[PDB]
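Q: Please read through the structure below; I'll follow up with questions.
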Amino acid sequence: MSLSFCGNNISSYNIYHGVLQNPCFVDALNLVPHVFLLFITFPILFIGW
Amino acid sequence: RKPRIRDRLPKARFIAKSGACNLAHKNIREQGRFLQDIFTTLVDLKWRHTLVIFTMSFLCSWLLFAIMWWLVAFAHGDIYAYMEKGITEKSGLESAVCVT
Amino acid sequence: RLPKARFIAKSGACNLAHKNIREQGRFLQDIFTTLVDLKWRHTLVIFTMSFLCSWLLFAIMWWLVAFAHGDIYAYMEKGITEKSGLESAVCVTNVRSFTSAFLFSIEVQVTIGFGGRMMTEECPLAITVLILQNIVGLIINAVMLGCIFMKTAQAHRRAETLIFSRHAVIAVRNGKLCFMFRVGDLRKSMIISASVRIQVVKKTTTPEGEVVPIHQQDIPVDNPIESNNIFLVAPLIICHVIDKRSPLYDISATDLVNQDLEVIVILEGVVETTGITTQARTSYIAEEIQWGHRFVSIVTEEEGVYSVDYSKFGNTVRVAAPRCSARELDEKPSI
Amino acid sequence: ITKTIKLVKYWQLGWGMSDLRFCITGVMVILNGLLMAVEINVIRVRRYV
Ligand SMILES: Nc1ncnc2c1ncn2[C@@H]1O[C@H](COP(=O)(O)OP(=O)(O)OP(=O)(O)O)[C@@H](O)[C@H]1O
Ligand SMILES: *[C@H]1O[C@H](CO)[C@@H](O[C@@H]2O[C@H](CO)[C@@H](O)[C@H](O)[C@H]2NC(C)=O)[C@H](O)[C@H]1NC(C)=O
């Protein structure tokens, strides 16, 4: 029942065969840049100049 | 005082009875608002806003570096090594789970 | 060629030499004072470098300690599974390589302390190193917290931003010669208990044959009760009546050009926003005083509230004023 | 940069010439590029050293 970041099918996160050549890692890295933007933006726009 | 009624604007009030300097500066050489200015606004906040910025900052830092750690424990082939339920954790010892 | 240097540079910052001064040396108190007064772009570097160097040095010491007792030597030669290694006198459980010792440091000083790396009571050297590491960590942490807070505390103030007019005007007022300059403000908080002073500095002799190359001769700012204090919220014109008792009596526009002289204007007050004393200065040289150019009004009359401007700060309209002396000014008042 | 990596991977697989998911990604890349352009232009246009 656990939520799956990369889907729950077993061992579908078997990241052999190249570090970044996996069907899921690309999405995650793209999400990392988006999360970074939101966090920095919220902290500098919750005060204002 | 209808003349004064229409003269409500025409009035020699250099400083308002409150005390402020009711004036108007213009045509000045505003160089900008350099970064450090924002930090000064951080000092002169009120308690509700200071508490909010405090807690929000701590939580944002925690979540951000947690996301980073999540990626790290992903790339090292760690989450998969744990997900292998052949045993309670069959080959999870030698694979050097990057973060235990 | 090079004109004799102004006892005060235009922006301030008295530029005078200082030769044959006996050295006062230096003190480490001074290094600390230099540390506190840094700017961010170097504080957030010296701070980080202190931390990283601290961790690395103590990790090296830890590695040596785990070397002497042979912690590494026992660990590496391990049999299948584990019978020989765990039970013997290891000094720091589960340190077996540099990176491991590094992690042990970073877990000890910064107070993380996970638990995979436990320390036993069998190696006095280990106890002394732990004590020393912890004390060093506390001292470094305290001083860096102090520095960061001092910046967060005394950054309520900024660079001195006070603006004098560019030029000076010798004008006519109340049927007499007069001296005028403009003093304004761009800051927010009105200066509290401000004061203004004017000093003429020129080489003088003394009839008993003695010279004093840069005299200073305070001179009276005009005011209806002679009070050096001055309120300022809009640009002002700090005047100066001229009389035969004032040191400017002997100058006309003809003799102004090639004349050795100066005026230094220094005004001081305590800004209330930062609660701190401050003083600003200017200095006008002979060639910088446009004669006769009476000042141009600034304050207007907008409907509800008065208004001022700053683009036309030094606009000098010109009017007729006598081109003659001041002694001769009262010698011949006929027409 | 994340999108470019995603597109090359989206590349090698060659699921389709126009397989829809490849089509979208491409669109997102170009707008991103246009935004990069504006940032550079704004640097020059306003105060830049
Ligand atoms: N509108 C204004 N905004 C900012 N500063 C001003 C303004 N008007 C005057 N000043 C200050 O007064 C001083 C004398 O200014 P003045 O009216 O002579 O302009 P300027 O010196 O001829 O031209 P600039 O100010 O560009 O050098 C200047 O150092 C300036 O800092
Ligand atoms: C998890 O399960 C899926 C199936 O739901 C697997 O993918 C396919 O499964 C078949 C066997 O039924 C295998 O041959 C291949 O792995 C896939 N189909 C092929 C190539 O015929 C796979 O084990 C996991 N999911 C993925 C990534 O396909």
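Just so we're on the same page: first chain in the structure tokens is A, next is B, and so on; residues restart at 1 for each chain, and ligands are numbered from 1 in the order they show up.
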At a cut-off of 8 Å around ligand 1, and using only C-alpha atoms and all ligand atoms, what residues come up? Please write them as a list in words.
A: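 Those within range of ligand 1 are residues 26, 27, 28, 29 and 30 of chain B; 163, 164, 165, 166, 167, 186, 309, 310, 311, 312, 313, 314 and 315 of chain C.
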Q: Counting only C-alpha atoms and all ligand atoms, which protein, DNA or RNA residues come within 7 Å of ligand 2, given as a list in words?
A: residues 9, 10 and 12 of chain A
Q: Residues of chain D no more than 9 Å from chain A, counting only C-alpha atoms: send them over as a list in words.
A: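 Putting it all together, I get residues 1, 2, 3, 5, 6 and 9 of chain D.
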Q: Mind dumping the selected residues with C-alpha atoms as an mmCIF file, in the first residue's frame?
A:
```cif
data_model
loop_
_atom_site.group_PDB
_atom_site.id
_atom_site.type_symbol
_atom_site.label_atom_id
_atom_site.label_comp_id
_atom_site.auth_asym_id
_atom_site.auth_seq_id
_atom_site.Cartn_x
_atom_site.Cartn_y
_atom_site.Cartn_z
ATOM 1 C CA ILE D 1 19.680 21.309 -18.254
ATOM 2 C CA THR D 2 17.433 18.685 -16.608
ATOM 3 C CA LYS D 3 15.063 18.854 -19.516
ATOM 4 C CA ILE D 5 19.025 15.273 -20.321
ATOM 5 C CA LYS D 6 15.497 14.040 -20.336
ATOM 6 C CA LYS D 9 17.124 9.888 -23.096
#
```
Q: Select residues of chain A: the criterion is any atom within 10 Å of an atom of chain B, counting only C-alpha atoms; output as a list in words.
A: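 The contacting residues on chain A are residues 8, 10, 11, 12, 13, 14, 15, 16, 19, 20, 25, 28, 29, 31, 32, 35, 36, 38, 39, 40, 42, 43, 44, 46, 47, 48 and 49 of chain A.
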Q: Find the residues near residue 28 (chain D): any atom within 10 Å, counting only C-alpha atoms, skip ones fewer than 5 places away on the same chain, and give them as a list in words.
A: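 What passes the distance filter is residues 3, 4, 23 and 33 of chain D.
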Q: With N, CA and C atoms retained, export the selected residues as a PDB file, in the first residue's frame.
A:
```
ATOM      1  N   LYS D   3      15.892  19.198 -18.393  1.00  0.00           N
ATOM      2  CA  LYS D   3      15.063  18.854 -19.516  1.00  0.00           C
ATOM      3  C   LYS D   3      15.902  18.353 -20.655  1.00  0.00           C
ATOM      4  N   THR D   4      17.073  18.925 -20.920  1.00  0.00           N
ATOM      5  CA  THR D   4      17.892  18.449 -22.026  1.00  0.00           C
ATOM      6  C   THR D   4      18.300  17.028 -21.781  1.00  0.00           C
ATOM      7  N   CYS D  23       6.865  14.653 -27.950  1.00  0.00           N
ATOM      8  CA  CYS D  23       6.453  15.932 -28.451  1.00  0.00           C
ATOM      9  C   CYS D  23       6.364  16.964 -27.380  1.00  0.00           C
ATOM     10  N   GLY D  33      14.282  27.895 -23.126  1.00  0.00           N
ATOM     11  CA  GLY D  33      15.360  28.567 -23.813  1.00  0.00           C
ATOM     12  C   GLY D  33      15.049  30.028 -24.072  1.00  0.00           C
TER      13      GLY D  33
END
```
Q: Using only C-alpha atoms, what table do you get, as a Markdown table, when you list each residue of chain C with an atom no more than 8 Å from chain B, its nearest pair of atoms, and their distance in Å rounded to one decimal, rows by chain then rising number?
A:
```
| residue | atom | partner | partner_atom | distance |
| --- | --- | --- | --- | --- |
| C:152 | CA | B:43 | CA | 7.8 |
| C:155 | CA | B:40 | CA | 6.8 |
| C:156 | CA | B:40 | CA | 6.0 |
| C:233 | CA | B:21 | CA | 7.3 |
| C:303 | CA | B:10 | CA | 5.2 |
| C:304 | CA | B:9 | CA | 3.8 |
| C:305 | CA | B:23 | CA | 6.4 |
| C:306 | CA | B:23 | CA | 5.8 |
| C:307 | CA | B:24 | CA | 4.8 |
| C:308 | CA | B:25 | CA | 5.5 |
| C:309 | CA | B:26 | CA | 5.3 |
| C:310 | CA | B:27 | CA | 5.3 |
| C:311 | CA | B:27 | CA | 5.2 |
```
Q: Run DSSP on the backbone and tell me which residues of region 27-68 of chain B come out as alpha helix (DSSP H); list them as a ChimeraX atom specification.
A: /B:36-43,47-68
Q: Just write the chosen residues, N, CA and C atoms, as a tab-separated table (two decimals), in the first residue's frame.
A:
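Result file again37.tsv:
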```tsv
chain	number	residue	atom	x	y	z
B	36	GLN	N	21.81	43.83	1.25
B	36	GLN	CA	21.79	43.84	2.71
B	36	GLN	C	20.53	44.49	3.28
B	37	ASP	N	19.86	45.33	2.49
B	37	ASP	CA	18.64	45.98	2.95
B	37	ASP	C	17.63	44.98	3.47
B	38	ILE	N	17.43	43.89	2.74
B	38	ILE	CA	16.43	42.91	3.16
B	38	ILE	C	16.75	42.40	4.55
B	39	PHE	N	18.03	42.16	4.84
B	39	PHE	CA	18.38	41.64	6.15
B	39	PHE	C	17.96	42.61	7.25
B	40	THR	N	18.13	43.91	7.01
B	40	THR	CA	17.70	44.88	8.02
B	40	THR	C	16.21	44.77	8.27
B	41	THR	N	15.42	44.54	7.21
B	41	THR	CA	13.99	44.37	7.43
B	41	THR	C	13.72	43.15	8.29
B	42	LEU	N	14.61	42.16	8.24
B	42	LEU	CA	14.45	40.99	9.09
B	42	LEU	C	14.54	41.38	10.56
B	43	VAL	N	15.38	42.35	10.89
B	43	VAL	CA	15.55	42.70	12.29
B	43	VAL	C	14.30	43.38	12.83
B	47	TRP	N	6.44	40.31	16.18
B	47	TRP	CA	6.59	38.96	16.69
B	47	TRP	C	5.90	37.92	15.82
B	48	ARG	N	4.69	38.20	15.35
B	48	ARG	CA	4.03	37.18	14.55
B	48	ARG	C	4.82	36.90	13.28
B	49	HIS	N	5.25	37.95	12.60
B	49	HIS	CA	6.03	37.75	11.39
B	49	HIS	C	7.40	37.15	11.68
B	50	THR	N	8.06	37.56	12.76
B	50	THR	CA	9.36	36.98	13.06
B	50	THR	C	9.24	35.50	13.37
B	51	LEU	N	8.22	35.11	14.13
B	51	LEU	CA	8.04	33.70	14.43
B	51	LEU	C	7.74	32.92	13.16
B	52	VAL	N	6.92	33.49	12.28
B	52	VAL	CA	6.60	32.79	11.04
B	52	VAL	C	7.86	32.61	10.19
B	53	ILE	N	8.66	33.67	10.03
B	53	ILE	CA	9.83	33.54	9.17
B	53	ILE	C	10.81	32.57	9.78
B	54	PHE	N	10.92	32.57	11.10
B	54	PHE	CA	11.78	31.64	11.82
B	54	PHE	C	11.38	30.20	11.50
B	55	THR	N	10.14	29.84	11.80
B	55	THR	CA	9.72	28.46	11.63
B	55	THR	C	9.76	28.05	10.16
B	56	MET	N	9.33	28.94	9.27
B	56	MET	CA	9.37	28.63	7.85
B	56	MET	C	10.79	28.38	7.38
B	57	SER	N	11.75	29.16	7.88
B	57	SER	CA	13.14	28.97	7.46
B	57	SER	C	13.66	27.62	7.92
B	58	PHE	N	13.41	27.27	9.18
B	58	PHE	CA	13.89	25.98	9.65
B	58	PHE	C	13.27	24.85	8.84
B	59	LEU	N	11.96	24.91	8.61
B	59	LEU	CA	11.31	23.83	7.89
B	59	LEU	C	11.76	23.76	6.44
B	60	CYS	N	11.97	24.91	5.80
B	60	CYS	CA	12.43	24.88	4.42
B	60	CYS	C	13.81	24.26	4.33
B	61	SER	N	14.71	24.63	5.23
B	61	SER	CA	16.03	24.01	5.18
B	61	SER	C	15.95	22.51	5.38
B	62	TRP	N	15.16	22.07	6.36
B	62	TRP	CA	15.06	20.63	6.61
B	62	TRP	C	14.53	19.90	5.39
B	63	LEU	N	13.43	20.38	4.81
B	63	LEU	CA	12.84	19.69	3.67
B	63	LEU	C	13.79	19.68	2.48
B	64	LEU	N	14.44	20.80	2.21
B	64	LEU	CA	15.34	20.86	1.06
B	64	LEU	C	16.46	19.84	1.19
B	65	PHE	N	17.16	19.85	2.32
B	65	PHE	CA	18.25	18.88	2.39
B	65	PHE	C	17.74	17.46	2.52
B	66	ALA	N	16.50	17.27	2.96
B	66	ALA	CA	15.93	15.93	2.92
B	66	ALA	C	15.73	15.47	1.49
B	67	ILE	N	15.24	16.36	0.62
B	67	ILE	CA	15.12	16.01	-0.79
B	67	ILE	C	16.48	15.65	-1.36
B	68	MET	N	17.50	16.40	-0.98
B	68	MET	CA	18.83	16.09	-1.49
B	68	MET	C	19.26	14.70	-1.04
```
